[PDB]
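S.K.: Here you go, one structure.
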Amino acid sequence: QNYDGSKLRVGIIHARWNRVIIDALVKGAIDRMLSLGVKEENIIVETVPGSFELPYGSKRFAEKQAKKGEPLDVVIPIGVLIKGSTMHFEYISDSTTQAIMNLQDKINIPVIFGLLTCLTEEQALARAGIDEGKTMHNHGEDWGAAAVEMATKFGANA
Amino acid sequence: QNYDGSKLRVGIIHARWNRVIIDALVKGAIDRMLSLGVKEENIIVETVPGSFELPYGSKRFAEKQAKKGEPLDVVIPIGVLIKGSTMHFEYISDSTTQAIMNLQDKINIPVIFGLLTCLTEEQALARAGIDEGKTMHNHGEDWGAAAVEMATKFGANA
Amino acid sequence: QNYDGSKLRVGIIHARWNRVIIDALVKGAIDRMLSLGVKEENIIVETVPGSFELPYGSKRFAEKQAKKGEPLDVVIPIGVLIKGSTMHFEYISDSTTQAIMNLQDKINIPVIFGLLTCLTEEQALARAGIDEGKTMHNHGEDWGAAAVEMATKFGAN
Amino acid sequence: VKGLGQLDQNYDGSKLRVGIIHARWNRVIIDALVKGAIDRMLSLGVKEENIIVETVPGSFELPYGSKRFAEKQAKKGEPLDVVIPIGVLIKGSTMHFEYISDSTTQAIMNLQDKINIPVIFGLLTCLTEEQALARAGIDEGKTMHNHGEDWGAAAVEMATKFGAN
Amino acid sequence: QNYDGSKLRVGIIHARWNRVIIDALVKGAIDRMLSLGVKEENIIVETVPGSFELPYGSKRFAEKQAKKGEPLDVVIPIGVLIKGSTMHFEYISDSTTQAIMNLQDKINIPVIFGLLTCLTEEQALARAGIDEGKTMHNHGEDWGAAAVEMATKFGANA
Ligand SMILES: Cc1nc2c(=O)[nH]c(=O)nc-2n(C[C@H](O)[C@H](O)[C@H](O)CO)c1C
């Protein structure tokens, strides 16, 4: 099917580590959502320092929007995790992915998983469409489409 | 046992990555359910973009069906995950698996675990019964049988 | 100590993959509870197809028993998982284990962890007391004993 | 300045009732861990008649057993202020070690909000017997010290510092 | 953006193992928050015996604070875990990280993840800024900056 996002308000909340890669992911989510009809002033962008802040950050972002009379239909937390020499990578990835999944029932809208969990920087670049070789595609576009489809097919109105 | 599936309504909801494999798994579940007496018109199929979308999809899918007076007796979320070069496979698989298990208590019907979590494409083909050498069998068929058994034996009425 | 099991009703519910190992585990559980005085007619056995079905099957098994006025005091879900070549073993094991643990607080009775999580068939056989060399005691027996002790010592009464 | 700096003070255990509940596999290790936790708490002023000991067959039983232990103690007017569940797990050749450890750890952690008292993590998760003997202060070489004593101290401190009163 | 922390009350609660590294992490968080404007008299430091005690110590820390009329706006649990030769490291780290993440909804303030999960003491010293060759930076500072931002941006009040 072809999903029309013209009636949606979408939230994007991103972490600020690996900023270049973050900015490419967020751009591709935006471009793709506009392409499917979401209005520009209905894409709300918020930020937090690290990926661990994404879930509580997303919950409070959604509550704040609802309280001011501008509820989100869907949220895309975006973060980039690259394995370092410690186990920090594993513990942030694990607890964050699980809390992003469990957030959906707290706030009652879908939440799109926009975390990269890469072993290398180069893998993160390819997944954002910004490697030298352009060897894959920008995953942020996948997240934008999925946000439009999940909000449309499964929103309260559906 | 023989379980009479003629009274059941059953939802299938599938991700849309690895589509050829998905269709074969889906087709396997439907056929087996049809052979246990489930009626063609009582099998409802829905889709989501990726495996991470399955659990919230499945929740909203059940709620929607109940709300129009057509409640699902059991749901079979289906996705195919194949290990790539980052840890995205691990983190999707594990959070999606836990969310599928836990969904059962939120919607009060059995949810059949229809995710493949393969290290290679070929393992995934074999488990959909469509590798060149037909070395295994279509797991879809197992999911289909299990959906009818779990709905019947453990359905809201004994 | 000796735990008297004569007043207990115990449910065993088991998956059906690896049936020979399953039957040996269930028989050891039942034999040990018989010898702890649990009565034969108060041992109720149910099945499910796969280990993944154990936690929701056990919940509805307990509910149904309570609803017909024959509540279980304790339940033993039993399944046999053997590592294969995909990660399916790991995901089933991890999510089934945690859900068996979390089940206790929902149905308010102990639930005995009767799940083998083996890398080979021969490990599973051994843990059922039926490998060729008889290298280990049947773990089903321990599950039977644990069910009687947990129900007796930690039961509502 | 802030709330901080380092004083290393003792905590008085004398108003406390403490529960220790232990698995029965690897009994010799278990007995040494328990004795150490009891000894250290007696040294901190917990009275002998206020240390309650209970057992369960294996480590997987520690979480629900600890819950029902604390509920029973409260129902007879003898509430626990803190519980120490103790078990010894040693890697075997299947993945049983890992599934039991992980789901037991997580349920000891989660148990605290249900019964509303601290729960000290008294589980050994060792790759070898030797590792477990050492952390109970009973290897040949006495290479370490009895982690049991740390659990007893940790219990007295958590109950005292963070108790309802 | 620039954050004004002058209205904030922040709790720091640290384990006792690897005290020298804990102390450096804690001073880095305090120094950072001071420079963001938090006042000294509004920073409260508590201690627990080990990393395992952080989540429940944090919960009770926040509840005691609120009950005497001085509620925290954010809490920063700090611990330093180093792999040893048993699986103790993995079990503490995993259950502690997940419980710190999940604490946030129980006490309704953000909780910054101040655990080091290091393979070696050397990694830990580097991440508290006190290794011999000063190779990284004091991560306690990122935590302080995170506490101020999450509290300001996502606090109950605004
Ligand atoms: C072995 C060990 N290692 C650490 C560590 O590296 N860092 C730390 O902060 N705490 C450790 N602990 C203590 C546990 O976190 C906890 O206090 C005990 O197991 C009692 O619950 C223990 C027990």
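As a convention, Cβ positions derive from the backbone with ideal geometry for all residues, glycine included, and neighbour counts pool all protein chains shown. We did not get these values from a lab; they are worked out from the coordinates using the rules stated.
S.K.: Have a look at B:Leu25, B:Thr152, B:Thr135 and report the one farthest towards the positive end of the charge dipole of chain B, computed about the Cα centre with Cβ charges (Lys/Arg +1, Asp/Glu -1).
M.R.: B:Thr152
S.K.: In the structure shown, do any of C:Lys153/E:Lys59; A:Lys83/D:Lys67; D:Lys76/D:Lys114; A:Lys67/A:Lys106 have a Cα-Cα gap over 27 Å, and if so which?
M.R.: Too far apart for the 27 Å limit: C:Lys153/E:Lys59; A:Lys83/D:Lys67.
S.K.: Compute the whole-percent fraction of alpha carbon pairs in region E:59-109 spaced more than 17 Å apart.
M.R.: Values: 588 of 1275 pairs.
Distances greater than 17 Å cover 46 percent of the Cα pairs.
S.K.: Projecting each Cα onto the charge dipole of chain D (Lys/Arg +1, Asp/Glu -1 at the beta carbon, about the Cα centre), which of D:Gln9, D:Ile38, D:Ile108 comes out farthest on the positive side?
M.R.: Most positive-ward Cα: D:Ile108.
S.K.: Projected area of region A:85-154, taken from the Cα convex hull and averaged over every viewing direction, in nm²?
M.R.: For region A:85-154, averaging the hull's shadow over all directions gives 5.5 nm².
S.K.: Please give the charge dipole size of the protein assembly as shown, origin at the Cα centre, charges +1 on K and R Cβ atoms and -1 on D and E Cβ atoms. Round to the nearest 20 debye.
M.R.: With only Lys, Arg, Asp and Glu charged at Cβ, the dipole is about 2280 debye.
S.K.: With a 10 Å Cβ neighbour count serving as the proxy for reagent exposure, in which order, fewest first, do A:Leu115, D:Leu4, B:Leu54 appear?
M.R.: D:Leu4, A:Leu115, B:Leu54
S.K.: Also, I was wondering about something else. With both partners inside the protein assembly as shown, how many of the DSSP beta bridges are antiparallel, as a percent to the nearest 5? Please list the in-between numbers first.
M.R.: On the way: 3 of 83 bridges.
Given both bridge residues lie in the protein assembly as shown, the antiparallel proportion sits at roughly 5 percent.
S.K.: Going toward the positive end of the dipole of chain C, with +1 on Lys and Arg Cβ and -1 on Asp and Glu Cβ, which of C:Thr117, C:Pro55, C:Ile82 do you reach last?
M.R.: Value: C:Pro55.
S.K.: Over chain E, with a Gaussian network built from C-alpha contacts below 10 Å, which listed residue (E:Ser35, E:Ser93, E:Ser58) shows the highest mean-square fluctuation?
M.R.: Among E:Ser35, E:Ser93, E:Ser58, the largest mean-square fluctuation in the Gaussian network model of chain E belongs to E:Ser35.
S.K.: Rounded to the nearest 20 Debye, what is the dipole magnitude of chain D about its Cα centre when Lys and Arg each give +1 and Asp and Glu each give -1 at the C-beta?
M.R.: Result for chain D is approximately 500 debye, rounded to the nearest 20.
S.K.: Please compute the volume of the convex hull spanned by the alpha-carbon atoms of region A:1-124 and report it per residue in Å³.
M.R.: Expressed per residue, the convex hull around the Cα atoms of region A:1-124 is 110 Å³.
S.K.: Related question: Per residue, what volume in Å³ does the convex hull of the Cα atoms of the protein assembly as shown enclose?
M.R.: In the protein assembly as shown, the Cα convex hull volume per residue is 179 Å³.
S.K.: On a C-alpha basis, how far is the centre of region A:90-158 from the centre of region C:90-157 in Å? Whole number, if you could?
M.R.: 37
S.K.: Over chain E, what is the relative contact order in whole percent, taking alpha-carbon pairs under 8 Å and six or more residues apart?
M.R.: Relative contact order here is 31 percent.
S.K.: Okay, next question. In deg cm²/dmol and to the nearest 500, what is the mean residue ellipticity at 222 nm of chain A if only DSSP H runs of at least 4 residues count, each as -39500 (n - 2.57), divided by the residue total?
M.R.: -15000 deg cm²/dmol
S.K.: 5 Å is the cut-off here: which amide hydrogens, built 1.01 Å from N in the peptide plane, fall below it relative to A:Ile44, excluding neighbours closer than 5 in sequence?
M.R.: Here the answer is A:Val10, A:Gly11, A:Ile12, since their amide H atoms fall under 5 Å of that of A:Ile44.
S.K.: Go through region A:60-74 residue by residue and turn each phi into a ³J(HN,Hα) via Karplus (6.51, -1.76, 1.60, θ = phi - 60°); whole Hz please, and just put x for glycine and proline.
M.R.: Per residue, the Karplus-derived 3J(HN,Hα) values read 5, 4, 5, 5, 4, 5, 5, 5, 7, x, 10, x, 7, 8, 5 Hz.
S.K.: Treating cross-link reach as a plain straight distance, find the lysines whose alpha-carbon is under 19 Å from the alpha-carbon of D:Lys35, omitting any fewer than eight places away in the same chain.
M.R.: Straight-distance partners of D:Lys35: D:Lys47, D:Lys142.
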